[PDB]
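Take a look at this single chain, the form deposited in one PDB entry, given in structure tokens.
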């Protein structure tokens, strides 16, 4: 029995509770978050845990800053069938009386599942008093000074009668592992440790190394191979982004987190569909799917840039990459409405050339460089193979021309090139006609 629990009845109230009413605002806010805010109730577990994390962080930040030693920082959950209750305690930083009397709105999600909510909290500030807070969700809550309150916050939820399911250990376990696996602080359920995965996307890219990226890749992609490509991308400049993107070793989606808290599974709009082969995670604080598209554009540009930069530091690895995933790139080009989205994506295309040795590939932009004068012509020919292409007469005029011609060997490459009628300021025309 390595049983580890901190949740116990140590709290007592000596005086009477003072009765308060929420302000005309908060009654609506509490009402709403219960009534319409969350699509499925279970997420209350998700919110409270998140709160429990934040508090803990704020404690750890304080102590470490003052050079003080660290106490046990933990999050504990307790289910009870006989009492029909679910409990969540964190020792983190607490709440002063002021804070209790008058993070966000996550807490109030608890009233999606509760007849009444009973809370005990203490601030980590020296010589702080503990307090009890009681609510029916009415508009009436109660505050009293409590004894036997541990530093941090203890929330006791008396589930309403159709929500006794969250009094079951198994159920709550499932919810926890679903949304809360990557919590930053040790999390216990009924005395047992329940979490172990590290939110490596939050780390400094220079601290994350291979074995970790490999583990995480296998987890998020549910795969047994390795990522051939890894992009660890962080920004505050446009929006808040902590992301990791993987390209699988094997030939043929992204999870949406916020603050290490699972928002969505198998999300389809974070990345453009032509990038649906990408695996990994995107974490952002700019979250509630009508307008998530800022992120989509930012990530599309960042990923295109990434691959373009991959083609330079390594030539043949990117050649195999284009061989195995060129499908999605052509598809993306033909799909995109605006022209230069087409062209951005077209910067990833690799084709053989009349100039280069048979077996080597070239991008379009490289093609722009070689041409001397005569802007407004890009020359291409599609044929069964390189040898066949070389013979063809129409090129022959080109061969004594001094102008390079690209070589395609599949109709989908030529169709792609025909759709993308123009690259940069130069037209893509076929040497025959």
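Take the two forms, superpose them, and find the largest set of C-alpha atoms that agree within 1.5 Å; that set is the rigid core. Positions refer to the first chain, counted from 1.
S.K.: Quick one: is residue 26 left out in at least a third of the other entries we compared?
M.R.: Residue 26: modelled in every other compared entry.
S.K.: Does residue 375 have no coordinates in at least a third of the other PDB entries examined?
M.R.: Comparison shows residue 375 dropped in at least a third of the other entries.
S.K.: With respect to the deposited sequence, is there a break between residue 252 and residue 253 in this entry, and if so is it 1 to 3, 4 to 9, or 10 or more residues, or none at all?
M.R.: Missing in between: 10 or more residues.
S.K.: Would you mind checking whether any residues of the deposited sequence sit unmodelled between residue 288 and residue 289, and how many (none, 1 to 3, 4 to 9, 10 or more)?
M.R.: The entry has a long gap there, with 10 or more residues left out between residue 288 and residue 289.
S.K.: Do the CA atoms of 35 to 43 or those of 64 to 72 have the higher mean B-factor in the entry?
M.R.: It is 35 to 43.
S.K.: Do the CA atoms of 236 to 244 or those of 218 to 226 have the higher mean B-factor in the entry?
M.R.: On average, C-alpha B-factors are higher across 236 to 244.
S.K.: Among 354, 184, 151, 78, where is the Cα temperature factor highest, going by the PDB entry?
M.R.: If I rank 354, 184, 151, 78 by C-alpha B-factor, first place goes to 354.
S.K.: Ranking the modelled residues of this chain by C-alpha B-factor as given in the entry, is residue 93 in the lowest, middle or highest third?
M.R.: It belongs to the middle third of the chain when residues are ordered by C-alpha B-factor.
S.K.: Please rank the C-alpha B-factors of the chain's modelled residues and tell me whether residue 209 sits in the lowest, middle or highest third.
M.R.: Residue 209: CA B-factor falls in the highest third of its chain.
S.K.: Relative to the other modelled residues of the same chain, rank the CA B-factor of residue 103 and answer lowest, middle or highest third.
M.R.: Ranked within chain, residue 103 CA B lands in the highest tercile.
S.K.: Ordered by C-alpha B-factor within the chain, which third holds residue 7? Give me lowest, middle or highest, please.
M.R.: Within its chain, residue 7 is a middle-third residue by C-alpha B-factor, going by the deposited values.
S.K.: Where does residue 13 sit by CA temperature factor within its chain: lowest, middle or highest third?
M.R.: It belongs to the lowest third of the chain when residues are ordered by C-alpha B-factor.
The following text describes the form deposited in another entry, which does not appear among the structures shown.
S.K.: Which of these moves by 2 angstroms or more at the C-alpha between this form and the one not shown, core superposed: 94, 280, 227, 332?
M.R.: Correct option: 94.
S.K.: Quick one: once the rigid core is lined up, does residue 322 have its C-alpha move by 2 Å or more between this form and the one not shown?
M.R.: Residue 322 C-alpha, core-superposed: shift of less than 2 Å.
S.K.: Core-aligned, does residue 155 move its Cα 2 Å or more between this form and the one not shown?
M.R.: Moves: yes, 2 Å or greater.
S.K.: If you line up the core, does residue 188 shift 2 angstroms or more at its C-alpha between this form and the one not shown?
M.R.: Superposed on the core, residue 188 moves its C-alpha 2 Å or more between this form and the one not shown.
S.K.: So the CA-CA distance for residue 173 and residue 224 moves by at least 3 angstroms in that other deposited form. Closer or farther than here?
M.R.: The answer is closer, because the C-alphas of residue 173 and residue 224 approach each other in that other deposited form by 3 Å or more.
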